[PDB]
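The chains carry the letters A, B, C, D, E and F, assigned in the order they are written, with residues numbered from 1 in each.
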Amino acid sequence: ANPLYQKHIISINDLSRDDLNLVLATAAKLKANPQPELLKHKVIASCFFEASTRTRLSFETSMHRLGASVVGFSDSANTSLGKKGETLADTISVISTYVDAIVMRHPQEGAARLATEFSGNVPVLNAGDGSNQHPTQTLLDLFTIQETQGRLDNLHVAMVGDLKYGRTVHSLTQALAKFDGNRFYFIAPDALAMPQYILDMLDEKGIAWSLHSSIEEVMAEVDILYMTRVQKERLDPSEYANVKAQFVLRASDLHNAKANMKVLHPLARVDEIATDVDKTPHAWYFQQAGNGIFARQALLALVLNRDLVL
Amino acid sequence: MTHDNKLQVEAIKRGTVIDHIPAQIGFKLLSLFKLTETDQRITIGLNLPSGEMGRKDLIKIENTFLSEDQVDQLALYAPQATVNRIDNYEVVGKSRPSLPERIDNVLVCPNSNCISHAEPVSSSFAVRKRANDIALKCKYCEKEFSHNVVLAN
Amino acid sequence: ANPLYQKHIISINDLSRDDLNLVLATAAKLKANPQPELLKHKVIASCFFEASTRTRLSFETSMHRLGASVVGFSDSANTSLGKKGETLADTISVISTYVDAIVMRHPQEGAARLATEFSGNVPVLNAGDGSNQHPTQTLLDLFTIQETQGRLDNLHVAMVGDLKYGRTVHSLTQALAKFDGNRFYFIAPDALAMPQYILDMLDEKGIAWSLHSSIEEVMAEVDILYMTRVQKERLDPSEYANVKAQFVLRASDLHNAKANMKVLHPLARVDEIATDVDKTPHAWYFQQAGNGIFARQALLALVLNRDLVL
Amino acid sequence: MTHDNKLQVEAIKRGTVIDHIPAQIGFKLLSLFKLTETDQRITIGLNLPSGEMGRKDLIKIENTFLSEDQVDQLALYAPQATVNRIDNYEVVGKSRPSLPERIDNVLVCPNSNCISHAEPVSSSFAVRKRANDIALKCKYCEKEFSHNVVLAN
Amino acid sequence: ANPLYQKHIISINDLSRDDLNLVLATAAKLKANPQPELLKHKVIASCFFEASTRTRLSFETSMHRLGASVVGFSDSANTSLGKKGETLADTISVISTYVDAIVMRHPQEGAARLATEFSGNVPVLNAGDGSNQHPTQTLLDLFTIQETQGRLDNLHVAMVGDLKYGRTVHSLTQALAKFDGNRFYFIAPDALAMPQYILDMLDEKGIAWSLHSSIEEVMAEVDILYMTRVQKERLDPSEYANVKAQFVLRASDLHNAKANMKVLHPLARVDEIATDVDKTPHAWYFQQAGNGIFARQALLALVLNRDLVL
Amino acid sequence: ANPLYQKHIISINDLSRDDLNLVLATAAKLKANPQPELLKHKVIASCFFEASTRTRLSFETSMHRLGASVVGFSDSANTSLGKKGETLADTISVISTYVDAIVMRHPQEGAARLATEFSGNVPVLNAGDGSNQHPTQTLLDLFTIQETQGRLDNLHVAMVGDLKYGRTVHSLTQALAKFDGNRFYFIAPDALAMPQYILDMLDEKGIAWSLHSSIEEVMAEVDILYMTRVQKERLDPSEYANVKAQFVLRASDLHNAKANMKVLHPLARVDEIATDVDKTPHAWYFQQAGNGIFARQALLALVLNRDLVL
């Protein structure tokens, strides 16, 4: 069977550089001729305990381009009336009996992992849990960086915003250290900057990393500019306003961009990236979000096909 | 004065004019510090050459006396500006910018959480100076920001 | 390709008498032998920003009878927590990458039109936007009037209720002036009556129109009695009660109906049409609502098939 | 040579010219069309008499040239204006205004529910007339209004 | 020997030419040499089932000022809305045993009346009972007109806004016809024009009245311009724009204004009266609001005592 | 001849070394031989747009105690949140005509200020206006420090918790620098460390200050340990654990404590101060809370009267 067949996709720190290669490779390879009935006669679940319709939409969309059936819910808050003692443990054992592969999102850190211990046969994915992992989001990020940069190693990564609590940058940064070279540049406010958490291990594997305050410094020397999202309810209005201007993007700064460069954003956006940017080719976020279908198709593909021929 | 040549700048009557306004600040003024809302001869030489190697903006307003205070509100935006008392082509006063203890009406408080934003009143900060920063503390919320910080958007 | 292929169906004032003929013609023609896999291997979206399960139900139902896949949401109000700066503009660019044809409903006037400027390749439909258009509702109305009257021109249209804010009557009335003859009779309260808005242009094209206060006047001389819905929160309880009795329907008034006549209602109902009416053959509303699948099937059909053979 | 009365303005070398801008409107277009983001000389004839017109406006710009389209768009903000091609102290090109059928990016939809408020989009009001009101039909909410509305707050 | 002792105050029509005339005289006196310990040891239950701060705050302000104390509440949902619960009669009976007076505000026409039939000797007053009544208001408007012009007779009154549903606006007239010689001008949209029956009320009382398109006309002779908040609510989102264009009031319109003229409004104003006005002479709204006190002050005093030595 | 009559109380910086010094002297007296019918016939509108029981209850407690009565409200939503409604200025103007004083609490910096520009002669005080100000608190903290040490000068103050955003904590310092000789110790996480600008404020005032890692150090000389509730809110769900480990206070830490030392806290404490403490000597929190009264008591008395015979 395939290296990654019926293997609970829970955390990126559990996946491997080979698995990763397989995934992305499948993604693009499968991106050429899709089989709108690959996982035919099959049912996928989509338990979205915490709502989120970008990751919900994409996953169910990928699910369909693969001729699969989806049953499930996009639970919001008017069902807070659920709070009562029906544990996820039972919620999963029941649910496990109905399908083939569970796709879940949850508010507490330990979701996906925990259901694993109550589903087994039924391999689960992780659409995002707590402020831990979101393997799928780092996947579409990676595959996308490949597609565009051509290579996935010896890049010039730039990461701006709330690098401190921004789970989309910790997961990407980890996974990137799985390749050689990749020069890292961090750009976040002096109280939203990267934690020694990832830092130490970054040095540990001789991964050249740096830190600056203005994108306008590391601009001529970058390849992928990943814009995170700096939040208002994360820093007091006054300071938020203050430590913001140089934690934003605009077309006027891209003026000296290595044409080979692209601008990404886990999404969504609001203050960060201005719209004039929406034109300059570096603008790849929306397209990046389209790739999310393939990295996600392949994720299931492998997880559901003992072997892949195509 | 027959050197490198062009030919424009012209004074026209008894009126207080503003001569020497930094690129892209003329019209700016006209809308922040309400100058056009009048009914007395105006000739605006936005983008007109000056005898200092630089072409800049010219705001000629006839029939008005601008208080030394009003002048000070120009500072931050248009720096070493100049407003002269002019009567019959003759000058009767040369006014240059200084920093007023208070700026008013135009600036927007950055603090999204400021009653300023949703009430019928007017912007009244405060002015302070530090090495490379000209500080402005809102009279309402009481948060002090920086010249760029407030004077951007 | 077909006259109406991949052509954003946004407003009825943009559609054309020929397109209309095509649509309705397709509708009925396709109403004979359906292909439960016409838009096979395809995914349609169904972004219902404003909830509404009659128009949601039907559309997704039509979507299935055409062997298509549907991904999407029926957003209510417990997601008011969405209010935060994620614009529809981005919501659509992202969403546009995932599918083939978007189906959307929205609270603000300018929905469908606006997404068009951010989807392009992806042709969108309009399940209703603001208090503007609902091309689909006028479509099922038309096709239905044809099916029954046999003809779609030289009819005796009667429109009762809240003709003033009733967007289902402005759109129908417009589209009908696209045919010859059609005698119009309006029947609404003296503060809920039709606006000079449509009126002027009605005269402008020599379209005979009239106005009365009691259905019981224009009864022996009518063909289609379109019952709108007069609302309580639209007129003060006291007046609402007063100016109501002769802005209602009952079997007792249908007593002299030209057998050739049918009674319709955009739906739903509550005070307006009484149930005794539910029997007298003029009662066509529920059946009219069944036709809504075909006019909607064809709408996509064309919008998705470069050419139609069948 | 120098005679009886010291008059006023003469013809400047070259650029665009639109004769006759209504009372308190110069700024109106100057701002609504932002004719200041141009590195060319922006001399602005303001608050000055024109025959019996006690108050008239006139933009004056070097090296620029009003496009046929620009000319159509101001025909609802200045009806009796006049665009022309000024060539080295010698004008030609009588390109006066004329009401268009489209109008872009300037006006605001009075329809509070129109989406042309939140989403970043180009304002688009179609243009037609009655005999007292120029009916401006919305591109987004499709609602009919008149100029005596849309031009307000 | 005063007429108002132990009596009720519910509707305006339930009062007289001299009733008001007494109340107001009291309103002036109490404003002159105020009685502070007037209602000592008394207790007034301000019951606002429908919360209404401004109408509440004041009433109690009077209460307390007059040496009296309060018991009561804001909003009202012992649980939910309209379920199987307590009736108003029952609420009203129990409450009437322990309080000395009853001031209630309800959202149902006739609640204050209904209290009358169940509240024993406790005189109930009305703070607002739906589109029905609101006495104290019309009283403060009235007395304020006296405080300003000196006379309730021979006034060139004018009422702009939403006359149709405006609760303060039907009632003011009703009460001003009790006086001699008054010319009423009705400047409001034809969609919110004066409720017919009242036009008859004035026709039959041989009162001078007329309608208008744009305020400008009457601004000359009008000694009173009582404004009405056209709540964007009752209208279509767009409709509001076309009308609320002249039915507002910039000080620039003021000019013509007679020197004695004053601008009145029940509040709260949003768009009706411009901020320029606030600082001009004729601006009299907030004063009318503050003057309310003495009406209610007097009123309660004229309700709670046999005789009053002023 | 007192300085505070008919004046406002908004910010702390808006006060003086002797202003406080007067207020406090009054705070002691009123605690000694209390004036009960001091504010008889007066009326104070306690307006808490942002509900706040503890800060409310007390203020009114003072009010009532002082022979005065109250008018007012808790929470604030005449309908919903931030829709097209009444402005604060307008709320504030009307309310100012009938009340004698105004005590408001708002969630927007400068609301209390804004009231100043519209409230006429009515002196407005501030119960809390967002992260901006909260005078009365700093006052009760202060006076309480006097009630305890005897002197506001030569104090080894220490402030633990969330100094960064803690509204009570910036203001206390500002006010204590008004006095002579004070050494400030800053024991708090580096993620919530003292807001820079204030460090300058002390640097330039030539005030003795410093930061710290773990309380244990300063426990010796510190005569004041004013604690701050590190609301788990501002932090990541996990983060809270790593720090809030020493920035708490078991009586077991107390030991070293100087005999005069006292533990202060603005409340309400959840995890900051341990229950062991409540029964020990230095526990002074609730007393500080109860002492608040006299500050406000005095304050209102010093605001409402020309002269005061104590």
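Basically, contacts are C-beta pairs under 8 Å (C-beta built on N, C-alpha and C of every residue); 3 or more make two chains touch, one makes a residue touch a chain.
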Which listed pair, C-E, E-F or A-C, duplicates the contacts of A-F in over half of its pairs: C-E
Winner on C-beta contact pairs when C-D is weighed against A-B: C-D
Chain C-chain F separation of Cα centroids, rounded to whole Å: 62
Distance between chain centroids, defined by C-alpha means - chain A, chain C (Å): 41
Computed distance of Cα centres, chain E from chain D, in Å: 50
Multi-chain contact sites of chain F, meaning residues that touch two or more partners: 131
Residue list for chain B, restricted to those that touch at least two other chains: 111, 113, 120, 141, 143
Chain D partner contacts - residues on chain E that touch it in the complex: 232, 237-238, 240-242, 245
Residue ranges of chain C touching chain D (in the complex, touch as defined): 11, 13, 87-89, 106-111, 113-114, 117, 130-133, 197
Interface residues, chain C side, partner chain E - complex: 109, 130-131, 165, 191, 236-238
Residues on chain D engaged by chain B in the complex (per definition of touch): 8, 12, 24, 26-27, 30-31, 36-48, 55
Complex interface listing, chain A residues touching chain C: 36-37, 51, 53-54, 56-58, 60-61, 64-65, 67, 74, 76-78, 267-271, 286-287, 289-290, 293
